[PDB]
Amino acid sequence: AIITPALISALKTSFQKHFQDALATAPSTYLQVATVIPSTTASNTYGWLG
Amino acid sequence: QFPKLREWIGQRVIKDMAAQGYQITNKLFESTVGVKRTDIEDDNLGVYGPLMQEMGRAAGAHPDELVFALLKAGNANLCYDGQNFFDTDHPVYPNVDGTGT
Amino acid sequence: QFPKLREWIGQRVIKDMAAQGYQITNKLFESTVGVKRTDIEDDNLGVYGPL
Amino acid sequence: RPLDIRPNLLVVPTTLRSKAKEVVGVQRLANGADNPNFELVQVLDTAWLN
Amino acid sequence: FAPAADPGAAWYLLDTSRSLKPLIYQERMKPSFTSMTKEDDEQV
Amino acid sequence: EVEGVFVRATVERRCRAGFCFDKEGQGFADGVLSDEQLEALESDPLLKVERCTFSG
Amino acid sequence: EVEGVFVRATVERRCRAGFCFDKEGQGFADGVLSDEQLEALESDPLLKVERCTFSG
Numbered sequence: 002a003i004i005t006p007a008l009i010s011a012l013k014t015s016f017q018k019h020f021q022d023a024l025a026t027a028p029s030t031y032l033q034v035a036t037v038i039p040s041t042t043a044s045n046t047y048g049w050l051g
Numbered sequence: 052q053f054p055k056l057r058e059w060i061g062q063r064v065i066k067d068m069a070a071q072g073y074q075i076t077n078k079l080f081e082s083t084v085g086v087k088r089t090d091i092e093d094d095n096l097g098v099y100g101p102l103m104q105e106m107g108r109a110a111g112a113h114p115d116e117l118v119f120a121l122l123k124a125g126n127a128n129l130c131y132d133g134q135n136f137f138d139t140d141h142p143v144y145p146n147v148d149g150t151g152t
Numbered sequence: 052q053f054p055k056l057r058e059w060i061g062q063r064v065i066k067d068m069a070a071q072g073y074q075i076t077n078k079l080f081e082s083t084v085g086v087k088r089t090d091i092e093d094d095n096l097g098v099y100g101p102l
Numbered sequence: 255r256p257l258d259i260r261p262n263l264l265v266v267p268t269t270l271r272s273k274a275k276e277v278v279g280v281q282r283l284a285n286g287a288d289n290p291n292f293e294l295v296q297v298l299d300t301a302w303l304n
Numbered sequence: 160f161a162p163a164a165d166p167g168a169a170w171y172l173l174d175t176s177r178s179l180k181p182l183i184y185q186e187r188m189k190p191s192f193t194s195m196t197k198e199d200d201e202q203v
Numbered sequence: 053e054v055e056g057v058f059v060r061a062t063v064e065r066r067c068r069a070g071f072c073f074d075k076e077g078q079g080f081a082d083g084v085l086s087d088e089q090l091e092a093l094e095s096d097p098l099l100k101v102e103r104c105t106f107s108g
Numbered sequence: 053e054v055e056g057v058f059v060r061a062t063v064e065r066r067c068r069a070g071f072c073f074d075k076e077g078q079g080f081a082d083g084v085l086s087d088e089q090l091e092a093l094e095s096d097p098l099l100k101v102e103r104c105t106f107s108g
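Here's what the structure looks like:
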């Protein structure tokens, strides 16, 4: 037997990096409901005459 | 450590060996100078040039003071067994002994 | 996971991230059957050997 | 934020196999009204539990 | 009774197993154990 | 000792009475207690951070 | 449950007073107390050893 396996836990234990980053964001949705309007200014303004 | 080879006449004797652990924490150290820029830009032969040599010598000497301060902290700090590195009641073995008086 | 991308007004908050390390040990399992050595050869239908 | 959970596995013992199939597989649930959960989660039968 | 709703297409699978070692076969054939010389003609 | 204070005369987020403020410099870095609440209190150093351990 | 028992009339080194002689005491593979004394007392067996489930 072994006197104190209590302290030898650190050495024995291994790493399984399978739960790392095991998630993702919801699928993109703004495409269906919103349209992209590329711009390069600080405050874009839209104008329509009715 | 593996036990001594005792007398084998009747039957072989199984032994437990032993198990101890020692957790440690790392530390950082300052090496900052912070000297005016004009001196380095206007540096000449003799001053502010061997400053890197001073840095290197201090870095090389660092383990000396590190170890010696640690030893000076022998009574304050502890060993794997848990008690102070220099105590009179070390519970290492049933025959309790004291490594300092 | 990262904190949500917040609004920017005057300065940026240097947020942090948590960690949920999970520990679980190992267990040992076994199943054994004791059989007579002579019996496995003492058969003609090819049974008691595949067991 | 959401976890992007997409329930697609349903595990039940043999006792609930038929009723799980009714929940997922038939347009009408148990009275001819409707079954919103038809072909949303595919059920795999098992007996190791209970 | 005994239900569970789980994802299957995620990067993680619920109730993950651990095949740490294979299904090694342990046997007691002949002059490999004492069960068969200083004992009955037993094999496990 | 104290691992770090990260005060710079600014806390990360000291939220009380339903309102979240920024003052009193209550930044700590240790798992002594209230780590779950330490995440909420900390994790938002809007201004600069200066660490001066108090050796407590 | 405690895993660790020696029930084969097996011999172990138990020290009573100035000597260590055959005797069966703790005889367990787990320890929480008297570890330093258990080491001397729990010297692995001399003879055949078999374990059981006391579940005490």
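Residue numbers (the entry's author numbering), protein chains in the order written: chain A, 2 to 51; chain B, 52 to 152; chain C, 52 to 102; chain D, 255 to 304; chain E, 160 to 203; chain F, 53 to 108; chain G, 53 to 108.
From the three backbone atoms N, C-alpha and C, an ideal C-beta is built for every residue, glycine too.
Whole-angstrom Cβ separation of residue i and residue j, contact assumed at under 8 Å?
i	j	result
E/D200	C/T83	Their Cβ separation, rounded to whole angstroms, is 17 Å, which puts E/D200 and C/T83 out of contact at 8 Å.
B/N146	B/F136	Incorrect: roughly 19 Å between the Cβ atoms, too far for contact.
F/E55	F/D82	5 Å
Within the 8 Å Cβ cut-off, does residue i reach chain C?
i	result
E/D200	yes
E/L179	yes
F/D82	no
So, is residue i buried or exposed, given that buried needs 16 or more other C-beta atoms within 10 angstroms?
i	result
F/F73	exposed
G/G79	buried
G/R68	exposed
D/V265	buried
E/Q202	buried
B/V118	exposed
F/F106	exposed
F/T62	buried
F/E94	buried
B/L122	exposed
B/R57	exposed
E/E198	exposed
A/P39	exposed
D/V277	buried
G/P97	buried
G/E64	buried
A/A7	exposed
F/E76	exposed
G/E91	buried
Going by DSSP, what residues sit across from residue i in a beta bridge?
i	result
B/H141	B/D148
E/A164	D/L264
C/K87	E/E201
C/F80	None; C/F80 has no bridge partner.
G/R66	G/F73
D/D299	D/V266
A/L12	Looking at the DSSP assignment, A/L12 forms no beta bridge with any residue, so it has no partner.
B/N135	B/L129
Compare the C-beta of residue i against all C-beta atoms of chain E and say whether one is closer than 8 Å.
i	result
C/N95	no
C/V86	yes
D/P290	no
D/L294	no
Under 8 Å between C-beta atoms, does residue i make it to chain G?
i	result
B/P114	no
A/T30	no
Hey, is residue i's beta-carbon within less than 8 Å of any beta-carbon in chain A?
i	result
E/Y171	yes
D/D299	no
D/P261	no
D/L257	yes
Please confirm if residue i has its CB atom under 8 Å from at least one CB of chain B.
i	result
A/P6	yes
Output yes if chain D places a C-beta closer than 8 Å to the C-beta of residue i; else output no.
i	result
E/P162	yes
E/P166	yes
| task | Taking a Cβ distance cut-off of 9 Å, strictly less, list which residues of the segment 55–75 of chain B are near chain G, in chain order. | result | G61, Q62, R63, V64, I65, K66, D67, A69
| said: Any C-beta of chain E within less than 9 Å: which residues of the segment 9–28 of chain A qualify? | reply: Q17, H19, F20, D22, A23, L24, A25
| said: Against chain E, which members of the segment 266–285 of chain D pass a CB distance test of less than 9 Å? | reply: Per Cβ criterion, the list reads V266, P267, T269, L270, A274.
| field | Contact set between the segment 85–108 of chain F and chain C, restricted to residues whose Cβ is under 8 Å from the partner | value | Flagged, chain order: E91, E94, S95, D96, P97, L98, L99, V101.
| task | Using a Cβ-Cβ cut-off of less than 9 Å, give me the residues of the segment 116–149 of chain B that come near chain G, in sequence order. | result | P142, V143, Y144, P145, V147
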